[PDB]
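Next come structure tokens for two forms of one protein chain, structure 1 first, structure 2 second.
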Structure 1
């Protein structure tokens, strides 16, 4: 009575076994064919302490088992025997998928249409998420560059204030106001240029502050729609599995 059993999963791949065993992390289990060449020999996947362990059900002289004592007449008897020894906990049931042929088919198209519209929104959110992340890192380094630029022009001011100090004293004494106003014309040009640079840096600091808030809101929208997107994938896959039966 192996085809009647819920835990027997025909010929599924190793990828689908590990996919159907992630949140269920205790003693969940299922059985499947070991190989097409063997056919009569099957394999039992059990959860254990995290890693999905695989134990083969040997078949010789009609009797089944794991070790030398083949004290089991059928594969179904072998599994039911180890459930009673535990009292293995939860079977991965292919039949149990709770929600007529017309209603199951029309509502499947509705869940698939809704899943594809929400998948499209996740692609739009992710494209803007990565674009925003790239632009934030650029603005973060552009601020470091502006900081070093300002430090260089500040050192240039301290260089001018030191060298011009002795020449301004000479021209004040000599009454040469033309040369005092010529050095001051260049000083107030250097100082106005620093104001233009600090205004540019602070202008970019606010763009970075606002783009960081945009990024946090894109990530909130992604994290709020990611669980909705996974439960819709699991719902539509159950409607297709029941539609085949």
Structure 2
């Protein structure tokens, strides 16, 4: 029971944290020459490491050593808070945590491949979409600056048909008779080119704006679907961890 305690794993610093990763406040487990064992507790997305020292029979954190075992010391603190030991540890040891029962061994191993294939298929779908997202962010903001540039282009052209109206209609009254229909037709020709060109430009900006909404539309749909893939991708990953624990080289075939 000392070794067959559910929460006693006996593992390196790294694979503790990967087992503590993404669990809630209060979750725990227990773990070289510095002391003996280590209570690695999780608190609000951060791992607190608490040393267990063993000397003349007793086990404990520091001075109040009157606990005759490793399995003794944890049962007390699963009920009670750690604040009285060290002031700012107002959190209990609440989640002392450590799938088909396919006692078949080989059939658990096959399921590990099925889930790991699904997971891997899932991770690509997520990666595909993340890149579509980030492209689409770029393609949108280029669409936006294009609209600005369009709008600034138009201002320059609107200004142009204004700029000519000053000087072109200064020329009508300053002469009129000399090149009446001759000079004014060929000034009218320019003006009607200039305004139809503004008309083409405005129609070009418009046509981009309708594409921008359809882009911004697709962008939402990508995000939507990312957010629906994400929680599946966790639970699929989390089942794969539990199957791979329950088993434990040969594996690398199933993965």
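If you superpose the two forms and keep the largest set of C-alpha atoms that fall within 1.5 Å, you have the rigid core. Numbering follows the first chain given and starts at 1.
Remark: with the core as the superposition reference, the CA shift of residue 26 between the two structures reaches 2 Å or more.
After superposition on the rigid core, displacement of the C-alpha of residue 51 between the two structures amounts to 2 Å or more. The two forms, fitted on the rigid core, differ between the two structures by less than 2 Å at the CA of residue 153.
In the core-aligned comparison between the two structures, the Cα atom of residue 175 sits 6.5 Å away from its counterpart.
For residue 238, the CA shift between the two structures after superposing the rigid core equals 1.3 Å. Overlaying the rigid core between the two structures leaves the Cα of residue 73 displaced by 2.0 angstrom.
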